[PDB]
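Presented below is the structure to which this report refers.
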Amino acid sequence: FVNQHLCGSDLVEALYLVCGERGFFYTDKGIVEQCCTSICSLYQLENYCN
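The numbers in the authors' numbering rise by one with no breaks, and the one at position 37 of the sequence shown is 37.
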């Protein structure tokens, strides 16, 4: 969807548009530190949801 930073608000909003089913995975938070101030990788973000 985007090739820049998104941070929770967008990180979560995207993980939502990324999967759109069971609210993707968002509890442990093994990320958000490089996808908010740094760029991420839609490929990896598309693997958080089941």
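Beta carbons: idealized from backbone N, C-alpha and C, even for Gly.
Does the distance from the CB of residue i to the CB of residue j come in under 8 Å?
i, j, result
"residue 15", "residue 42", "no"
"residue 22", "residue 50", "yes"
If you drop the 5 nearest sequence neighbours on each side, which residues of the same chain put their C-beta closer than 8 Å to that of residue i?
i, result
"residue 35", "5, 6, 7, 11, 45"
"residue 32", "7, 8, 11"
"residue 1", "14, 17, 18, 42"
Using a Cβ-Cβ cut-off of 7 Å (strictly less than) and excluding sequence neighbours within five positions of residue i, which residues of its own chain qualify?
i, result
"residue 25", "48, 49"
"residue 3", "39"
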